[PDB]
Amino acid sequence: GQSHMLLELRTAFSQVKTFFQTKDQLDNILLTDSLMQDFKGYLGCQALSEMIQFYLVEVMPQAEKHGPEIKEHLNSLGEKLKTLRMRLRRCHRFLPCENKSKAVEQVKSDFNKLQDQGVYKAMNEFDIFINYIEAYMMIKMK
């Protein structure tokens, strides 16, 4: 609802709005209600996560360079959006899909340290993996 972060994002954006609005010449809307539809549905988390990423990694760093006079405002918007994202991440109702598994990262790092042996081990343990996939499926049906 009336979130501080949203108000922070809106306030910061209002400092650069005119600059982009005056340059936005085409009649079509980019962000359509179909986007809003996907946010509503069962892949809402993925949709929103991807849109946040798109603004943070594509739109804003490109916008930054379409003018230095707004660079500091776009950095600040970027920080605030990143902060929003990290916050949504930590609420299971919002962006739980962005959280990565530490057990997987531990697997990757052990594998890396083992080198050729990690290849032989990971493959040898592929039966373990299949068993876990099966368990995952079982647990998802309760």
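Numbering starts at 1 and follows the sequence shown.
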**Message:** Mean CA temperature factor from the deposited coordinates, higher in 130-138 or in 21-29?
**Reply:** 21-29
**Prompt:** Mean C-alpha B factor from the entry: is it higher for 119-127 or for 12-20?
**Reply:** 12-20
**Asked** At the C-alpha atoms, which of 58, 79, 50, 64 reaches the highest B-factor in this entry?
**Response** 64
**Prompt:** Looking at 88, 104, 70, 45, which has the biggest Cα B factor in the entry?
**Reply:** 70
**Prompt:** Within this chain, which third does the Cα B-factor at residue 83 fall in: lowest, middle or highest?
**Reply:** lowest
